[PDB]
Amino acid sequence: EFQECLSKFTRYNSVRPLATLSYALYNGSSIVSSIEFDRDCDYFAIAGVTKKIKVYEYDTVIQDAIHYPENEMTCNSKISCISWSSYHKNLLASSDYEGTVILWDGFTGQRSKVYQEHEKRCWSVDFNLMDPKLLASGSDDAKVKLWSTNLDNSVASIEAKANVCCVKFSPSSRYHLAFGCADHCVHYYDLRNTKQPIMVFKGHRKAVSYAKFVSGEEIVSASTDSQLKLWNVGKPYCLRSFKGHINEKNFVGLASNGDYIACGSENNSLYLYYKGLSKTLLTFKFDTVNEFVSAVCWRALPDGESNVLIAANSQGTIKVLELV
């Protein structure tokens, strides 16, 4: 498998920007915290500290230079995370600093559900990838709450030991979920029982800000120790650590598509890794007019070549990038 490790590590050598937009306004903070595509990857949504969710038509963005969103929604506090349903093209959820989880129609702006149980800031929301009704959220109240689109109140809750910074359902099971916690660990659960974690992953020295599923068998986490860690569902200690980027303070975003991992950096750059090798594959440096990349998302076009992704930085600058 050594040969493939090199072929996949040398697959890309350059990056070509296809579009540039701004999340912003009175020189106020315009940090982008979340980027996500809809099921078909026709549209992507952007959210951050301006309290606004902006939806853009992808094909419109990469054609011309002048970028007005398809639709715009407003929250009453900073937005920490967004997630599109994998079942309903228009269903979109947001989490914000009031603790609120809202279910939106991304094109009408109508709210179908307003979940107000988290007693503190909600950091993360994710739709179940194999159950159309279920989604999850995590908050500084040290709780992971499970919601059902057909019910007003949460159907279940996990009581963590510290702040919950990120939640994510498995892409291979409707009953598997992982979340990153301020106890410096990734926790892996089976919602059927919650006494009672399946596994607690130890290694990080600081709070786990992001945790994504590279697959049903591998998790990648990020913490503010300038370290990404690759885990296997079954081993309690990490398989590998990725180094090259600078992440000692801020949430720099994390995204995985297949075998490749992307994360921001506090040198106003994006870093790309191959999950089987610790060394940086390539880097993209944002221009500037102490800034950091704050969000990244793969355009995971099903049945295709995931050669493009979108990243944003603390200045509100957004770039669609093609891996050449």
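The numbering used is simple: start at 1 and walk along the sequence shown.
- Can you say how many deposited residues have no coordinates in the span between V289 and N290, choosing none, 1 to 3, 4 to 9, or 10 or more? The entry has 10 or more unmodelled residues between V289 and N290.
- Using the PDB record, quantify the missing residues of the deposited sequence between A24 and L25 as none, 1 to 3, 4 to 9, or 10 or more. 1 to 3 residues are missing.
- Which of the two stretches, 11 to 19 or 309 to 317, shows the higher mean Cα temperature factor in the record? Mean B over CA atoms: larger for 11 to 19.
- Could you check the entry and say whether 193 to 201 or 141 to 149 has the higher mean CA B-factor? Mean C-alpha B-factor is greater for 193 to 201.
- Identify, among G180, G99, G253, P236, the residue whose C-alpha carries the highest B-factor in the deposited PDB entry. Across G180, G99, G253, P236, the entry lists the biggest C-alpha B-factor for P236.
- Check the PDB entry and point out which of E266, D38, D259, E70 has the largest C-alpha temperature factor. In this record, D259 carries the highest C-alpha B-factor of the candidates.
- Message: By the recorded C-alpha temperature factor, relative to the other modelled residues in its chain, which third is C165 in?
- Response: Lowest third - that is where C165 ends up once the chain's C-alpha B-factors are sorted.
- Query: Compared with the other modelled residues in the chain, in which third is the CA B-factor of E159?
  - Reply: Ranked within chain, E159 CA B lands in the highest tercile.
- Query: Which third of the chain holds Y175 when residues are ordered by C-alpha B factor: lowest, middle or highest?
  - Reply: It falls in the top third of the chain.
- Message: Quick check on the deposited entry: does the C-alpha B-factor of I62 sit in the lowest, middle or highest third of its chain?
- Response: Top third by C-alpha B-factor.
- Task: Relative to the other modelled residues of the same chain, rank the CA B-factor of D126 and answer lowest, middle or highest third.
- Result: As the PDB entry reports it, the C-alpha B-factor of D126 lands in the lowest third of its chain.
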